[PDB]
Colleague: 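Sharing a structure below in structure tokens format, with a few things to ask.
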Amino acid sequence: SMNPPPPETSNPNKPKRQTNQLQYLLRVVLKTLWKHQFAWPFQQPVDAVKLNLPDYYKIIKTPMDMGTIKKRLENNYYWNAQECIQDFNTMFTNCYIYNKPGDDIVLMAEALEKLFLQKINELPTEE
Ligand SMILES: Cn1cc(-c2cc(S(C)(=O)=O)ccc2OCC2CC2)c2ccccc2c1=O
């Protein structure tokens, strides 16, 4: 029923980099998905109390959302692009796991994931 603490966005002992691929993930990938008309359900951690989803965190044990990804990118939380790409994929997969096929939220995730895949296909080579 209750909400868990959110995923971490700050860890001073975690080594960090600012690479051109990570810059692309913020400037192109995150920005493109964030401005999309279907972004709103994914811009913050799922609030299972407000949405009356008492079983959400019984089912979803690796929660992820673009609000967290945005903070991670802006705070240079990552070492490499694969870490961030994994966070996006976790977000999409959680939606498909928890929800039923054809639900509005699933159609929304699918539209964002299509754009995500298009942008990742053009991920620049590491400088
Ligand atoms: C990822 N995700 C996100 C939402 C969700 C979360 C929030 S909020 C600010 O409270 O966090 C607000 C709206 C939301 O959905 C709206 C779309 C369905 C029209 C959601 C809601 C019900 C069931 C599953 C999910 C889910 O799987």
Side-chain angles (χ1 to χ4, degrees):
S1 269
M2 281 157 57
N3 287 315
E8 57 171 43
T9 54
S10 168
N11 185 343
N13 276 343
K14 172 179 197 299
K16 317 297 202 315
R17 290 192 304 183
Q18 192 171 240
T19 78
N20 62 296
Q21 292 188 334
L22 281 163
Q23 279 147 6
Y24 177 88
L25 275 164
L26 172 60
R27 169 83 184 73
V28 175
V29 183
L30 181 58
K31 288 326 154 43
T32 293
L33 265 61
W34 192 269
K35 72 187 186 188
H36 193 281
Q37 69 180 353
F38 294 158
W40 57 278
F42 308 95
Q43 287 178 328
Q44 59 288 306
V46 171
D47 186 340
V49 177
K50 190 166 82 143
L51 297 161
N52 186 43
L53 308 170
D55 67 340
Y56 185 81
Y57 291 107
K58 173 64 168 165
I59 295 175
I60 299 302
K61 304 294 184 185
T62 307
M64 182 79 38
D65 64 281
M66 306 193 283
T68 298
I69 296 175
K70 188 170 171 284
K71 281 158 179 194
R72 285 177 172 196
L73 287 168
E74 305 166 329
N75 293 345
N76 304 295
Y77 175 85
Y78 299 111
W79 186 260
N80 62 37
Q82 198 30 69
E83 272 181 289
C84 178
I85 288 161
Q86 177 68 81
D87 285 347
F88 277 105
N89 279 321
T90 293
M91 179 180 76
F92 296 130
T93 297
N94 286 350
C95 185
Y96 304 145
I97 289 169
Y98 181 77
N99 299 283
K100 331 159 271 273
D103 285 355
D104 280 334
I105 192 85
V106 172
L107 298 174
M108 292 165 93
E110 286 176 349
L112 293 172
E113 184 181 26
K114 179 188 183 143
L115 287 173
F116 173 75
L117 291 169
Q118 285 168 237
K119 298 309 188 195
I120 292 312
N121 180 61
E122 295 173 11
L123 182 71
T125 174
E126 181 135 54
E127 281 170 343

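Any value given below was found using the heavy atoms of this structure, including those in side chains, with hydrogens, waters and symmetry copies removed. Index from 1, following the sequence.
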Colleague: Using every non-hydrogen atom in the two residues, find where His36 and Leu115 come nearest and quote the distance to one decimal.
Modeller: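 Shortest heavy-atom contact: CD2-CD1, 3.4 Å.
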Colleague: Any salt bridge between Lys114 and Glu110, counting N to O under 4.0 Å?
Modeller: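 Not counted as a salt bridge, because no side-chain N and carboxylate O are separated by less than 4.0 Å.
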Colleague: Under 3.5 Å, is there a donor-acceptor pair between the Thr90 and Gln86 side chains?
Modeller: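 A donor-acceptor contact under 3.5 Å links the two side chains.
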Colleague: Identify the two heavy atoms, one from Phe42 and one from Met108, that lie closest to each other, and give their separation to 0.1 Å.
Modeller: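 Closest approach of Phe42 to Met108, heavy atoms only: CE1-CB, 4.0 Å.
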Colleague: With a distance cut-off below 6.0 Å to the six-membered ring centre and an angular limit of 45° from the axis, does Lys70 pair with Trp34 as a cation-pi contact?
Modeller: yes
Colleague: Considering all heavy atoms of both residues, which atom of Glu126 and which atom of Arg17 are nearest to each other, and what is their separation?
Modeller: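 That would be OE2-NH2, 4.2 Å.
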Colleague: Classify the angle between the aromatic ring planes of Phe92 and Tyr96 as parallel (below 30°), tilted (30 to 60°) or perpendicular (above 60°).
Modeller: parallel
Colleague: If you look at every heavy atom in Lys119 and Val28, which pair is closest and at what distance?
Modeller: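 What the structure gives for the nearest pair is CD-CG1, 3.8 Å.
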Colleague: Going by side-chain contact (heavy atoms from CB on, under 4.5 Å), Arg72 matches just one of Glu8, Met66, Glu83. Which one?
Modeller: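 With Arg72 as partner, side-chain contact (heavy atoms from CB on, under 4.5 Å) holds for just one option, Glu8.
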Colleague: Is the cationic atom of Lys14 (NZ for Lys, CZ for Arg) positioned less than 6.0 Å from the six-membered ring centroid of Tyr77 and within 45 degrees of its normal?
Modeller: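 Yes, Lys14 sits over the ring of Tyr77.
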Colleague: Please find the pair of heavy atoms, one from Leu22 and one from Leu73, that lie closest to each other, and give the distance.
Modeller: O-CD2, 4.0 Å
Colleague: Does a donor on one side chain and an acceptor on the other come within less than 3.5 Å for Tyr56 and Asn3?
Modeller: no
Colleague: Do you know which of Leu33, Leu107, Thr32, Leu117 makes side-chain contact (heavy atoms from CB on, under 4.5 Å) with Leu112?
Modeller: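 For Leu112, the side-chain contact (heavy atoms from CB on, under 4.5 Å) test succeeds with only one of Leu33, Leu107, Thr32, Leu117, which is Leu33.
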Colleague: Considering only NZ, NE, NH1 and NH2 on the basic side and carboxylate oxygens on the acidic side, decide whether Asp55 and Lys58 come within less than 4.0 Å.
Modeller: no
Colleague: Looking at every non-hydrogen atom in both residues, tell me the closest pair between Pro45 and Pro6 and how far apart they are.
Modeller: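 Where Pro45 meets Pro6 most closely, the heavy atoms are CG-CB, 4.4 Å.
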